[PDB]
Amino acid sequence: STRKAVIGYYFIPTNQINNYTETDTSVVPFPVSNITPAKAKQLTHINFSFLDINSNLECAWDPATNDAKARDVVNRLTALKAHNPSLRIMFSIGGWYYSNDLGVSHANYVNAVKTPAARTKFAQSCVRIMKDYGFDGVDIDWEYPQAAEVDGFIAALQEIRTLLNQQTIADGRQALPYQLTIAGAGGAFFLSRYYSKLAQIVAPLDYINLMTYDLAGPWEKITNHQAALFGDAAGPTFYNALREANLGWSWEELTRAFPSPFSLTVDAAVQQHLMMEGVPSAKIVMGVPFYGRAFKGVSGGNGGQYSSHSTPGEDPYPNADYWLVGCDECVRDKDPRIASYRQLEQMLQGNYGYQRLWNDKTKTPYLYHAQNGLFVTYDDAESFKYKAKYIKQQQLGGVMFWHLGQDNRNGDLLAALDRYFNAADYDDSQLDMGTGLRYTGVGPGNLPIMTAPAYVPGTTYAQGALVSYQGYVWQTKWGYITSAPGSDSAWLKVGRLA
């Protein structure tokens, strides 16, 4: 009965703020007024993006921002709360461009969290910005802290949380308390930077919004779905970096939690979070893309999937060949590698030579252009059925998406998500989740309920034997064991009673 979060990013670049208008699409293509009252009601959160951390190690607007015009844009968002008393307008600090390891502001992230005094100054700036502009909470999208930064980052989230709670009391906002989220890694390689401390990262948050998209891109050897729900045995597999994290676990505990190689999927990332003790399913939000990733130079045979390709990975895009046939936004943005769902529907509708195909393992669509050798991986209202059902079945907090400006004009992706969670007449009880590969790791946070005979002192247990003892089901790792389960290294806790 607790409503699923539906968290949509609203991104607007500094030049568009500084020239804001709602009546000229060539200047601002996605003004706040495209978020109509019906869209407002279907959202729980809008994440306004992006703010940054400056060299004074405070949360700050891009210094080229016209402040009066910024306030105006933010005021138009917050006015939407008139249509939906559950709605929050968050603001987001970071993003890939500012905060990636080679990003323009990267050192400011590292330095802002590094010491107690820096964290106090930074935390205060976040809450000051939030109050000054009328936002409802803070989202941190640092992609990604690593190493010694992680203890600092945790401390900074803890301090923000305390300051938000103070502000909730001050404003009497107990009915809509100020919130703290992060955009979390959605793939094991980046997740491995802070994985061992995941319960400490999540504790101060209302949600961790997993970036379970961009799981494929031009940096990969072969094409792949960027947001596959489940795995396809014909697709690529990857090393499970989490088995090397500083967890202190045994070989058997590692091996049971972290199969390798593994399929890089939404389900993988969600299960990886659930495995960890102290990470509640209700805080885990599944991110979904409202854009496709395009590849060129692909071979025939399986619809462009799992092919070698010739897509440049350099930034900026290195030439003026805008080879994504039918994508006008790509010409405008000078980059054929990403296209909004909005644009993709038009490409598919026009006579551009794409077929829309469906992978019934991954439960995702893809475009194939057989003549030119193009492949596009994206999500639609159909893949959203399976993802919504998964969110309900796994008792997740909800869905996040990047970004609102990429939905079609009628807002059909957002409407679909809202329907699958909230429509009285939508029924997915019979929706078949398929036989794609499930991530089968088990860790301390997601032990299955099991039964077994009670342990008996004196009995010699062979390898593989299962007993119940003190709340759990235990399995011997070798034989013959007579020790009490948990008293030495021979027993593996495999299950929980009752």
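The term rigid core refers to the most C-alpha atoms you can superpose between the two forms while keeping them within 1.5 Å. From 1 onward, residues are counted along the sequence shown.
(message) Can you check whether 421-429 or 142-150 lies farther from the displayed model in 7 other deposited structures of this protein, averaging C-alpha distances as RMS after superposing on the core?
(response) It is 142-150 whose C-alphas lie farther from the shown form in 7 other deposited structures of this protein.
(message) After superposing on the rigid core, which of 22-30 and 431-439 has its C-alpha atoms sitting farther from this form in 7 other deposited structures of this protein?
(response) Higher root mean square deviation of C-alphas in 7 other deposited structures of this protein is shown by 22-30.
(request) Take the C-alpha B-factors listed in the entry for 211-219 and for 317-325, compute each mean, and give the stretch with the larger one. (result) Higher of the two, by average CA B-factor, is 317-325.
(request) Select between 266-274 and 329-337 the stretch whose C-alpha atoms have the higher average B-factor in the entry. (result) It is 329-337.
(message) Looking at the C-alpha B-factor values in the deposited entry, which of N446, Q42, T451, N47 comes out highest?
(response) Among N446, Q42, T451, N47, the PDB entry lists the largest C-alpha B-factor for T451.
(request) Can you work out whether the C-alpha temperature factor of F290 puts it in the lowest, middle or highest third of the chain? (result) Lowest third - that is where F290 ends up once the chain's C-alpha B-factors are sorted.
(message) For the chain shown, is the CA B-factor of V494 in the lowest, middle or highest third of its modelled residues?
(response) For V494, the deposited C-alpha B-factor lands in the middle third.
(request) Rank-wise, by C-alpha B-factor, drop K114 into the lowest, middle or highest third of its chain. (result) Within its chain, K114 is a middle-third residue by C-alpha B-factor, going by the deposited values.
(request) Consider only the C-alpha atoms of the modelled residues in this chain, order them by B-factor as the entry records it, and name the third containing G405: lowest, middle or highest. (result) According to the entry, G405 has a C-alpha B-factor in the chain's middle third.
(message) Among the modelled residues of this chain, does the Cα B factor of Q349 put it in the lowest, middle or highest third?
(response) It falls in the top third of the chain.
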